[PDB]
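Notes to accompany the following structure.
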There are 2 protein chains.
Amino acid sequence: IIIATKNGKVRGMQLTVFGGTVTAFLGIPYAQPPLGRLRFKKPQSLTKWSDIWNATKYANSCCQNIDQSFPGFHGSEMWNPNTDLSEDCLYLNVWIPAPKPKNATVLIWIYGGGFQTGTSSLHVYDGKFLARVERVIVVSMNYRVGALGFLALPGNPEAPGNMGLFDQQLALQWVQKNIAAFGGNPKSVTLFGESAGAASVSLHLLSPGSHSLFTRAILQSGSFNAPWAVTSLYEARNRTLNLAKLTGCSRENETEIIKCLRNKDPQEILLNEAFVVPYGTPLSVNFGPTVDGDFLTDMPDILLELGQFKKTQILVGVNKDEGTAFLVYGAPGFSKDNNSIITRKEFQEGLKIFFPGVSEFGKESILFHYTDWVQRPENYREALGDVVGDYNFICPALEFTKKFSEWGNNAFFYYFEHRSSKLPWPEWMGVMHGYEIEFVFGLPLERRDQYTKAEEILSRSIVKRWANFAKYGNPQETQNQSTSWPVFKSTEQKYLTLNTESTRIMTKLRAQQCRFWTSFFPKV
Amino acid sequence: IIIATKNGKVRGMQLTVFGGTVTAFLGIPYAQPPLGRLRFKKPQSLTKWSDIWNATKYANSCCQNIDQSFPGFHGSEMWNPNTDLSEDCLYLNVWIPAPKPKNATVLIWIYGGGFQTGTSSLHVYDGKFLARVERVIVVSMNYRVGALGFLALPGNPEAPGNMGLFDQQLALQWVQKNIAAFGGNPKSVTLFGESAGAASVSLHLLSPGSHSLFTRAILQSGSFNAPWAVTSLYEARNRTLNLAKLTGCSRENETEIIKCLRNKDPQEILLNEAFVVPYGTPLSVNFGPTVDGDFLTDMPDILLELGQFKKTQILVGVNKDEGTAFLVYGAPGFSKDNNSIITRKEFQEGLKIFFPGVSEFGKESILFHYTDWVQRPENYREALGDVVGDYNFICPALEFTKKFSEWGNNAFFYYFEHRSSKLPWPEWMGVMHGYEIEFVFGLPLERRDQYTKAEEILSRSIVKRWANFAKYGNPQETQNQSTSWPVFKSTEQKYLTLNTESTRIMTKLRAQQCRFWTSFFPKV
Ligand SMILES: *[C@@H]1O[C@H](CO[C@H]2O[C@@H](C)[C@@H](O)[C@@H](O)[C@@H]2O)[C@@H](O[C@@H]2O[C@H](CO)[C@@H](O)[C@H](O)[C@H]2NC(C)=O)[C@H](O)[C@H]1NC(C)=O
Ligand SMILES: *[C@@H]1O[C@H](CO[C@H]2O[C@@H](C)[C@@H](O)[C@@H](O)[C@@H]2O)[C@@H](O[C@@H]2O[C@H](CO)[C@@H](O)[C@H](O)[C@H]2NC(C)=O)[C@H](O)[C@H]1NC(C)=O
Ligand SMILES: *[C@@H]1O[C@H](CO)[C@@H](O[C@@H]2O[C@H](CO)[C@@H](O)[C@H](O)[C@H]2NC(C)=O)[C@H](O)[C@H]1NC(C)=O
Ligand SMILES: *[C@@H]1O[C@H](CO)[C@@H](O[C@@H]2O[C@H](CO)[C@@H](O)[C@H](O)[C@H]2NC(C)=O)[C@H](O)[C@H]1NC(C)=O
Ligand SMILES: *[C@@H]1O[C@H](CO)[C@@H](O)[C@H](O)[C@H]1NC(C)=O
Ligand SMILES: *[C@@H]1O[C@H](CO)[C@@H](O)[C@H](O)[C@H]1NC(C)=O
Ligand SMILES: *[C@@H]1O[C@H](CO)[C@@H](O)[C@H](O)[C@H]1NC(C)=O
Ligand SMILES: *[C@@H]1O[C@H](CO)[C@@H](O)[C@H](O)[C@H]1NC(C)=O
Ligand SMILES: *[C@@H]1O[C@H](CO)[C@@H](O)[C@H](O)[C@H]1NC(C)=O
Ligand SMILES: *[C@@H]1O[C@H](CO)[C@@H](O)[C@H](O)[C@H]1NC(C)=O
Ligand SMILES: *[C@@H]1O[C@H](CO)[C@@H](O)[C@H](O)[C@H]1NC(C)=O
Ligand SMILES: *[C@@H]1O[C@H](CO)[C@@H](O)[C@H](O)[C@H]1NC(C)=O
Ligand SMILES: [Cl-]
Ligand SMILES: [Cl-]
Ligand SMILES: [Cl-]
Ligand SMILES: [Cl-]
Ligand SMILES: [Cl-]
Ligand SMILES: [Cl-]
């Protein structure tokens with residue numbers, strides 16, 4: 001199967017999925033490899049090619065540090081890259097239904113990883129079930145991460161910031177110019193992503209340059225107002241220079257620093273990324289999005305507040321135990337290998353881990369809010385995960401949804417409360433961050449795979465809802481007497497729960513918690 | 001002039017006020033003197049008398065400790081009793097217009113003093129200007145204060161609690177049964193009072209036994225939800241027993257303690273009142289209202305919340321610098337005799353004075369709210385007075401008004417922002433607590449007295465507004481092209497400013513401050 005694109009012909013491969021066929025085009029290039037003098041620059045457009053580009057395997061993942069905290073453990077290793085790392089990593093994948101569609105809705109995935117890690121080639125991001133089952137086209141891209149994607153010296157095109165957001169954007173253009181050839185509709189494109197991928201999706205809603213490259217957005221466990229999502233121009237400067245110090249690249253002509261950094265092996269850059277901040281957390285985003293005057297014209301909070309963003313429908317949601325995952329990456333007394341019953345003093349030390357530069361009154365105020373016991377030995381353990389999830393994911397996603405919907409558009413909010421029967425992390429970690437993804441992608445649809453029956457059905461439903469959102473702007477499942485998903489409005493704040501038993505309509509998720517994070521904490 | 005009452009004839013005296021005459025009946029009795037075995041009991045009804053009771057001078061003030069902090073100083077001494085102290089103090093005054101009215105509206109004053117001090121015979125409470133100028137009848141009563149009025153051992157009729165609130169109530173009955181004889185309308189009775197007198201007025205709105213003894217209410221700088229206004233049953237017990245300890249009256253048959261206390265000289269009781277709490281503030285109400293199952297059937301906060309109170313119009317208001325007065329009664333670095341520029345560490349020590357049993361996080365949170373400077377040397381001085389006024393008077397009055405109006409009735413809120421030209425306290429103390437009273441009573445109407453012209457006019461207006469509230473339920477001044485006073489509603493929260501220059505309609509008095517006191521602080 002050979003598709004003609006604007007730049008050249010590309011060959012895919014046939015896949016057998018569920019007694020049907022999907023066609024996959026794995027590793028199509030979308031930019032000049034950002035090597036040599038292109039390191040740190042915005043992605044540059046690709047020269048046409050003769051011959052047939054073979055898109056028959058996933059390409060290189062971008063350079064990145066790996067999670068080595070639990071060698072041999074699937075719970076953590078399933079997130080690590082499964083493809084060679086390389087600076088030559090600007091590739092994308094396309095799964096198309098077979099038979100070839102006429103004007104399919106397009107679903108474009110943006111992975112998370114803190115803006116520091118990630119790749120589109122993970123097993124949990126495999127778009128063939130969606131292409132098979134819903135007859136959508138699924139697209140995914142690799143984009144640069146860490147200092148290579150987000151190093152900033154604002155105004156200086158040598159290292160402008162946001163390069164990895166420009167990678168995403170240039171892939172959205174490729175879909176604009178090329179997807180009709182695969183049988184896709186460029187006028188029906190939905191972006192979806194999780195955590196940093198979800199934050200990215202929210203920034204595309206704000207970037208004027210992304211306005212006409214997509215239709216609708218889905219934000220899983222992430223939004224650009226989360227505390228980890230945007231690097232201040234002050235922090236960025238300090239970090240660009242700390243990285244310079246550490247590689248012998250300190251200069252004074254800022255363009256001589258970059259030039260120096262373009263001579264380091266990618267691996268010496270990775271090495272020194274971790275130390276650019278005196279104290280990091282398990283939630284550190286050393287090099288992330290900045291206000292660059294290009295992708296992002298102003299503090300995104302000001303943009304949200306004042307309604308300067310793409311006017312369209314959004315689907316936003318979070319998982320029940322967002323914060324637990326991060327606890328075993330530094331909180332005293334925590335372990336995946338035991339029940340992690342911790343003491344008040346452990347709790348207090350944990351805050352110091354997750355809130356390193358916070359005043360002592362700031363931290364006491366968290367403790368005060370989260371320890372009015374309602375005792376039970378898991379009290380402190382449970383409270384620290386809630387602290388981390390509410391502050392970092394849940395409260396920002398809920399505030400993002402309120403503020404966006406106040407400008408007129410329909411918004412749908414979910415609370416994902418199902419733990420995988422297959423989860424390799426312990427029970428106390430619950431419904432973890434990242435563990436809705438396999439449901440969205442339709443992994444439990446694969447019978448050979450050891451999910452329960454209830455899981456198959458949960459995933460089938462979510463897939464239908466996501467696909468109806470993409471195609472029609474309405475995440476309903478209309479055929480099987482299912483709970484209607486109400487629009488989220490900032491008065492009532494109705495949201496839908498996603499679980500194997502019963503979907504519920506509920507209101508005002510985490511209302512007391514978010515009043516704290518949203519209205520008081522920004523002050524400390 | 002001899003009026004026949006239910007109990008006997010009473011003779012008044014003629015007064016020349018403003019080229020007119022008022023008739024005053026000063027010191028009419030309204031209960032058996034609460035002496036001997038009646039000490040600590042609810043007021044008992046008075047036996048009829050022959051002869052003409054001469055009501056030609058103010059009677060005894062009830063026993064009470066005196067403010068000796070500034071001997072020879074008018075600013076403080078003007079609040080001290082001006083009549084012999086005596087346990088024989090259950091008397092009331094009546095000023096009636098001359099010529100004698102046909103069916104005059106009645107204004108009943110209840111003084112403040114923290115429930116510990118006060119008398120109706122103060123110069124600033126003289127009702128003759130009101131009777132002269134508005135042709136209302138003004139009534140005032142002495143009621144027991146301190147342990148003699150509010151000692152509690154709940155359920156035990158020997159010392160039930162709330163005795164001084166029952167004194168007020170029995171005086172409201174006297175007006176019910178007797179005021180028609182003076183030319184008054186028992187069906188048009190408005191209670192007004194300041195601070196503890198205003199808190200008392202708010203408790204009469206809740207007491208079912210007071211429902212039919214009045215029509216409308218005015219609350220100046222006080223309400224029953226202020227932190228000083230209601231003694232917990234736990235604190236009351238501890239205090240009744242501490243007082244017992246201190247007078248050698250410790251027993252075990254609780255009725256033997258009271259009997260013991262009935263043998264102490266009133267002066268040994270006064271002496272030991274101050275020490276019943278280990279740490280007091282300048283705002284201490286050692287012996288105040290309790291939930292007694294009689295006057296007050298349940299925690300008044302629960303009553304307000306659930307709309308169990310008299311359904312009628314209220315006028316409520318506060319002064320601009322409520323808290324300043326209390327600062328020179330114990331806050332380090334403060335003096336009426338200098339500008340009281342204080343340091344951060346002084347501020348911090350001051351909180352310890354005003355919030356003695358508050359956790360250290362509680363106090364840091366006050367500091368945090370009140371010290372986000374917007375530096376200037378009076379910053380800390382100004383912040384401590386605001387802390388004290390917002391917490392103690394302003395925020396509770398505003399919350400009382402919100403909650404009352406949510407049940408349907410019209411409510412009018414004022415912010416009094418005029419400093420007397422005659423104020424003997426320094427400039428930095430501003431528009432003090434207590435210093436609207438002379439305006440309400442029409443003192444600046446007396447030309448001989450050295451108030452400015454603007455003050456005369458301010459008082460004339462307030463008097464008209466108060467009298468129209470009493471007579472008609474609407475505090476308007478309709479004749480002189482004056483600002484209309486809008487109803488207070490919990491959505492808009494409109495209030496009227498009272499000053500010599502310009503009355504303004506404004507909204508949401510102290511909105512950030514009260515969110516703090518009202519929604520966060522109750523937690524610490
Ligand atoms: C901006 O960065 C400086 C630099 O400090 C860092 O130097 C890097 C090369 C790296 O190895 C890092 O771990 C190291 O801390 C920060 O100032 C330093 O802060 C830490 C603790 O406060 C100390 O170790 C240093 O004594 C101190 N040195 C200097 C030069 O000031 C600084 O914290 C940071 N500023 C921001 C934006 O937080
Ligand atoms: C209830 O009262 C007790 C009694 O303490 C007081 O005794 C009084 C007669 C009086 O002189 C007063 O100043 C004195 O404090 C309180 O317990 C006492 O608390 C203070 C300080 O906490 C100490 O001086 C005493 O050691 C202590 N003694 C006892 C017997 O416990 C107590 O504070 C109080 N409880 C309440 C309701 O606050
Ligand atoms: C769970 O596992 C962790 C790590 O093995 C335990 O934490 C250690 O235990 C004690 C103090 O509690 C010390 O030996 C170490 O200082 C701890 N290490 C860390 C990083 O916390 C924890 O005790 C275990 N808890 C259980 C079984 O409840
Ligand atoms: C205002 O007057 C008070 C009391 O006279 C002063 O406070 C005293 O001054 C110093 C410390 O500041 C010490 O001598 C005493 O410990 C203080 N007494 C108290 C009760 O605070 C204050 O300094 C004066 N402030 C001025 C002129 O600004
Ligand atoms: C691309 O793949 C096909 C496999 O059938 C092959 O015919 C062609 O020569 C390939 N080109 C290469 C190896 O780059
Ligand atoms: C696909 O659908 C769009 C409307 O969403 C339409 O404008 C376009 O012409 C269609 N293209 C096809 C069927 O080739
Ligand atoms: C810094 O160096 C660059 C050459 O890479 C040059 O273009 C620029 O003018 C220099 N900036 C100054 C004026 O220091
Ligand atoms: C609804 O149920 C039917 C039959 O029970 C089945 O074909 C389908 O999988 C279900 N649809 C969705 C989208 O949940
Ligand atoms: C009451 O006062 C009048 C004063 O004119 C007097 O005639 C009468 O005897 C008085 N009774 C007393 C002194 O108690
Ligand atoms: C006074 O007015 C009331 C109505 O407010 C009325 O019921 C009463 O009869 C009047 N009494 C008089 C004029 O004596
Ligand atoms: C306490 O003493 C009183 C007498 O004053 C008596 O009425 C009461 O029964 C006694 N209470 C008891 C049972 O201890
Ligand atoms: C209104 O002004 C008139 C004349 O200027 C005067 O008689 C009266 O004192 C004023 N009325 C009030 C109640 O303020
Ligand atoms: Cl939950
Ligand atoms: Cl600190
Ligand atoms: Cl359902
Ligand atoms: Cl003000
Ligand atoms: Cl404490
Ligand atoms: Cl006016």
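In what follows, chains carry the letters A, B, and so on, assigned in the order in which the sequence lines appear, proteins first and then strands, with residues in each chain numbered from 1. Note: hydrogens, waters and symmetry copies are ignored here, and every other heavy atom, side chains too, is used. For ligands, and for the atoms within them, numbers begin at 1 and follow the listed sequence.
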Self-check item: Short N or O distance, A:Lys464 and ligand 8, threshold 3.5 Å exclusive
Solution: no
Quiz item: B:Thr190: what forms a side chain to side chain donor-acceptor pair (under 3.5 Å) with it, not counting sequence neighbours?
Solution: none
Practice problem: Check whether any side-chain heavy atom of A:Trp466 sits under 4.5 Å from a side-chain heavy atom of A:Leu315, and report yes or no. | Solution: yes
Tell me which donor-acceptor pairs under 3.5 Å the side chains of residues 436-444 of chain A have, and how far apart each pair is, sequence neighbours excluded?
from: A:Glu436; atom 1: OE1; to: A:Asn319; atom 2: ND2; distance (Å): 3.0
from: A:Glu436; atom 1: OE2; to: A:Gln220; atom 2: NE2; distance (Å): 2.9
from: A:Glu438; atom 1: OE2; to: A:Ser420; atom 2: OG; distance (Å): 3.3
from: A:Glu438; atom 1: OE2; to: A:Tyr451; atom 2: OH; distance (Å): 2.4

Exercise. Measure up the A:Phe412 and A:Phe469 rings against each other and bin them: parallel (under 30°), tilted (30 to 60°), perpendicular (over 60°).
Key: perpendicular
Quiz item: If you measure every N/O of B:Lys102 against every N/O of ligand 10, is any gap under 3.5 Å?
Solution: no
Self-check item: A:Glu455 side chain to A:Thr500 side chain, donor-acceptor N/O pair below 3.5 angstrom
Solution: no
Exercise. Using non-hydrogen atoms of the residue, decide whether A:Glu477 is closer than 4.0 angstrom to ligand 8.
Key: yes
Quiz item: Listed by chain and number, what are the side chain to side chain donor-acceptor pair (under 3.5 Å) partners of A:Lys42, not counting sequence neighbours?
Solution: A:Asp294
Pairs under 3.5 Å, N/O atoms on ligand 7 and on the protein: can you put them in a table with the distances?
from: ligand 7; atom 1: 2 (O); to: A:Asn253; atom 2: OD1; distance (Å): 3.0
from: ligand 7; atom 1: 2 (O); to: A:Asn253; atom 2: ND2; distance (Å): 2.4
from: ligand 7; atom 1: 11 (N); to: A:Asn253; atom 2: ND2; distance (Å): 3.0
from: ligand 7; atom 1: 14 (O); to: A:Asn253; atom 2: ND2; distance (Å): 3.4

Quiz prompt | Atom indices of ligand 8 within 4.0 angstrom of A:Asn480 heavy atoms, with elements | solution = 1 (C), 2 (O), 3 (C), 8 (C), 10 (C), 11 (N), 12 (C), 14 (O)
Practice problem: State the atoms of ligand 10, each with its element, that fall below the 4.0 Å cut-off from a heavy-atom position in B:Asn185. | Solution: 1 (C), 2 (O), 3 (C), 5 (O)
Practice problem: Check whether any side-chain heavy atom of B:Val175 lies under 4.5 Å from a side-chain heavy atom of B:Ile108, and answer yes or no. | Solution: yes
Practice problem: Please work out whether the ring planes of A:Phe166 and A:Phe295 are parallel, tilted or perpendicular, with thresholds of 30° and 60°. | Solution: perpendicular
